[PDB]
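Following: one structure in structure tokens, then a few remarks.
Protein chains: 2
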Amino acid sequence: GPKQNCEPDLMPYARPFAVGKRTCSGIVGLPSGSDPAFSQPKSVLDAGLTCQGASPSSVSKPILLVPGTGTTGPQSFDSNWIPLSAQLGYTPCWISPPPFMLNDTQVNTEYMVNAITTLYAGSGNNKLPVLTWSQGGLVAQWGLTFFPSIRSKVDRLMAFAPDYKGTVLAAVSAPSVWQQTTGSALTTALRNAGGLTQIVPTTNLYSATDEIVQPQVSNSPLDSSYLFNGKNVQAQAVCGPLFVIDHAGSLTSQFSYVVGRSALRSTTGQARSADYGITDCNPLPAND
Amino acid sequence: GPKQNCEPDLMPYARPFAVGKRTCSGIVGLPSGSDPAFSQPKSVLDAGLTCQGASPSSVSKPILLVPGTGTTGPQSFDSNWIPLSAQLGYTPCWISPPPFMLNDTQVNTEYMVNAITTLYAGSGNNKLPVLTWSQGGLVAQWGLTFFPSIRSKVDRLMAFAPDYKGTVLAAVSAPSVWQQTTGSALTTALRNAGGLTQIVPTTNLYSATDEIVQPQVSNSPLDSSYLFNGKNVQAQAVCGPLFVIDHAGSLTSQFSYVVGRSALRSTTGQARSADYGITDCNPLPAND
Ligand SMILES: CC(=O)N[C@@H]1[C@@H](O)[C@H](O)[C@@H](CO)O[C@H]1O
Ligand SMILES: CC(=O)N[C@@H]1[C@@H](O)[C@H](O)[C@@H](CO)O[C@H]1O
Ligand SMILES: CC(=O)N[C@@H]1[C@@H](O)[C@H](O)[C@@H](CO)O[C@H]1O
Ligand SMILES: CC(=O)N[C@@H]1[C@@H](O)[C@H](O)[C@@H](CO)O[C@H]1O
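Read top to bottom, the protein sequences are chains A and A'. A prime marks a further copy of an entry chain.
What the first sequence shows, in the deposited numbering, is residues 6 to 175, 182 to 299, in sequence order.
What the second sequence shows, in the deposited numbering, is residues 6 to 175, 182 to 299, in sequence order.
Listed below in structure tokens is the structure:
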């Protein structure tokens with residue numbers, strides 16, 4: 006009877022299916038081959054990218070904002086992170102995959118991958134932060150999981166109300188609505204490929220009282236917004252049960268701004284508990 | 006806002022991660038490329054295969070028996086399925102991966118894949134049944150998941166006490188013992204590749220009182236021996252809580268023989284409830 010102190014390494018054909026698990030050689034990492042080809046012409050993808058007061062090919066300190074389902078970049082962020090990030094010193098940039106993020110999430114991801122490639126080079130080959138809302142976080146993690154080239158181009162991910170496990174809340184529906192339904196082939200694929208473990212330093216801010224994305228009530232790995240090794244911030248864990256911000260409030264509240272600002276400036280790439288407390292448990296809009 | 010009645014198909018790079026899920030084109034099937042290469046010389050794999058009273062290259066109605074952890078084919082089946090299958094008209098054949106199924110489960114699987122290739126051709130290019138105990142079922146499902154060529158060569162799988170999710174019951184250990192521990196990279200890979208859904212008609216007979224493989228108490232998908240679309244037979248569901256066969260009894264009891272005989276002769280490839288009832292809830296050895 007032979008014996009050893011580690012689990013045998015998986016053969017090549019099987020490792021893509023155990024990302025994050027530890028074998029004798031160490032933790033199994035994500036596959037790192039070439040990027041899958043885009044189904045959309047690059048000119049079509051470029052048309053979906055915009056930066057405020059600048060061209061994405063020559064921009065200073067860009068921050069890429071990825072919108073939520075049923076919205077464009079301006080609709081999601083005009084009243085909040087476009088002006089808030091500008092005030093923090095970034096050039097706000099965003100993608101608006103047509104039509105209103107309702108089409109195939111895999112195509113919406115092409116817009117994000119192309120945007121990161123563009124903004125990385127456009128900012129002098131420097132990593133940039135990605136900030137998202139709702140489906141935008143699912144798109145970010147899908148891109149990081151399946152497009153190896155951008156993993157070294159994103160320095161951190163600040164995701165508000167991300168639905169990595171989709172939602173159980175919910182007939183003929185938009186393509187991306189089918190994909191964000193819990194149990195969907197898309198959410199199944201993300202999990203099975205190792206996507207529920209962070210790839211870049213990630214902060215997920217969400218709320219137990221989200222009326223769009225559930226379940227989010229456990230403050231644990233069962234929550235749709237949770238990523239292993241990430242800085243998972245369920246608002247009620249910090250603020251108590253009387254703090255009841257909704258799906259959009261998760262993006263726009265003063266609490267959300269304090270946590271996001273912490274994540275954006277942190278040298279670890281993740282928000283820090285030392286940067287927020289009970290006094291920041293403010294449900295009013297940050298931009299107000 | 007566009008709308009449709011199905012979830013968009015996954016792009017090629019992602020479908021291997023959603024086997025079994027339904028998209029517009031239908032249910033996502035397992036990848037079907039070439040078989041991964043063997044790490045062991047074929048002559049070494051052949052040395053692990055034996056048939057009773059015949060050569061595996063020229064055999065009549067073979068049945069391939071895959072043993073449990075810490076045993077050889079004869080140790081697992083001499084007192085039970087070797088003589089029981091012979092009495093049913095098959096030529097019993099078995100593999101004995103060295104040493105006693107304690108080495109890498111991926112290598113133990115090479116012995117099974119090679120054996121099926123050999124016995125299929127050796128029996129006149131006819132499909133054959135595979136009957137297993139313990140790790141043998143994990144090996145069978147691992148082979149069917151990752152070696153496409155044998156999917157059309159196995160007509161059915163009759164697995165006794167299979168540990169597809171490994172076991173939670175359990182220091183320096185044998186390679187395959189690490190792999191069968193719940194949470195292992197190997198069991199994670201099987202699940203993520205779609206392996207917890209049957210590939211060929213499968214019957215899983217197991218017991219809530221298995222002292223080696225747990226959990227097995229729910230008579231549901233949470234059980235380690237459960238496969239979606241399979242004929243999952245938890246003994247106590249049929250026989251009640253006073254029926255307490257153990258890990259080996261799951262293989263050798265009269266109840267187990269009645270269910271196995273049903274699976275082997277069934278035109279559906281799975282055991283049939285109409286073939287067993289309370290009278291067959293006999294914990295005594297079938298071969299006795
Ligand atoms: C605005 C837009 O891109 N419309 C697309 C259409 O071109 C495409 O045929 C269909 C599925 O590919 O999804 C629609 O939403
Ligand atoms: C289904 C499940 O196990 N998750 C529960 C959730 O239902 C419950 O509301 C929450 C309370 O904080 O605790 C989680 O562990
Ligand atoms: C009987 C046998 O095959 N022994 C093998 C040995 O050859 C191999 O070096 C090691 C890991 O590959 O696993 C052992 O169990
Ligand atoms: C952990 C879990 O949810 N599984 C339970 C199991 O613990 C329980 O013993 C069994 C009773 O039959 O029912 C299952 O659903």
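Note that the Cβ used here is the ideal one computed from N, Cα and C, for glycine as well.
{"Query": "Residue(s) in a DSSP beta bridge with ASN215/A", "Result": "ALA164/A and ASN243/A"}
{"Query": "Under 7 Å by beta carbon: chain A' residues contacting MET16/A", "Result": "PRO41 and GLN111"}
{"Query": "Where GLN190/A meets chain A', residues with beta-carbon distance less than 8 Å", "Result": "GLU12 and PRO13"}
{"Query": "Near-chain A' residues of the region 82-111 of chain A - C-beta to any C-beta below 9 Å", "Result": "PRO104, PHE105, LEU107, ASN108, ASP109, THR110 and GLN111"}
{"Query": "Presumed contact (8 Å Cβ cut-off) between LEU238/A' and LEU207/A', rounded CB distance", "Result": "6 Å"}
{"Query": "Contact test: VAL228/A Cβ vs ligand 2 heavy atom, cutoff 7 Å", "Result": "yes"}
{"Query": "Chain A contact residues for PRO7/A', given Cβ-Cβ distances below 9 Å", "Result": "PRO104, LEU107, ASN108, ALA185 and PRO186"}
{"Query": "Status (buried if at least 16 other CB within 10 Å, exposed otherwise) for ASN113/A", "Result": "buried"}
{"Query": "8 Å contact criterion, which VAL135/A' and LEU69/A' should meet: CB distance rounded", "Result": "5 Å"}
{"Query": "Anticipated Cβ contact below 8 Å, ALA219/A with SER267/A, distance rounded", "Result": "Rounded, the Cβ-Cβ distance is 14 Å, inconsistent with contact."}
{"Query": "C-alpha distance - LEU35/A' paired with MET163/A', whole-angstrom precision", "Result": "21 Å"}
{"Query": "Check whether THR192/A and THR172/A have beta carbons under 8 Å apart", "Result": "yes"}
{"Query": "Shell residues, 7 Å Cβ cut-off relative to heavy atoms of ligand 3", "Result": "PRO7/A, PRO103/A', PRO104/A', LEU107/A', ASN108/A', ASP109/A' and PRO186/A'"}
{"Query": "Pick from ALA166/A', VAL64/A' and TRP189/A' that is closest to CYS11/A, judged by C-alpha positions", "Result": "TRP189/A'"}
{"Query": "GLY205/A classed as buried or exposed, judged by whether at least 16 other C-beta atoms fall within 10 angstroms", "Result": "buried"}
{"Query": "Any chain A' beta carbon closer than 8 Å to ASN215/A", "Result": "no"}
{"Query": "Cβ neighbour criterion (16 or more within 10 Å) applied to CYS29/A'", "Result": "exposed"}
{"Query": "Buried versus exposed call for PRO46/A [16 or more other C-beta atoms within 10 Å across all chains shown]", "Result": "exposed"}
{"Query": "Straight-line Cα distance separating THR96/A' from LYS66/A'", "Result": "6 Å"}
{"Query": "Contacts of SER195/A' in chain A (Cβ-Cβ under 8 Å)", "Result": "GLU12 and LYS26"}
{"Query": "Three or more C-beta pairs below 8 Å linking the region 123-134 of chain A and the region 67-87 of chain A", "Result": "yes"}
{"Query": "Chain A contact residues for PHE151/A', given Cβ-Cβ distances below 9 Å", "Result": "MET16, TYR18 and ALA19"}
{"Query": "Closer than 8 Å to chain A by CB, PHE22/A'", "Result": "yes"}
{"Query": "Beta-carbon proximity of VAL211/A' to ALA196/A, cut-off 8 Å", "Result": "no"}
{"Query": "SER231/A' CB to nearest heavy atom of ligand 4 below 7 Å", "Result": "yes"}
{"Query": "Range of the contiguous beta strand (DSSP E) that encloses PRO97/A'", "Result": "96-100"}
{"Query": "Sequence-distant residues of the same chain with beta carbon closer than 6 Å to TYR116/A, five excluded per side", "Result": "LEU50, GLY53, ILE100 and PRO102"}
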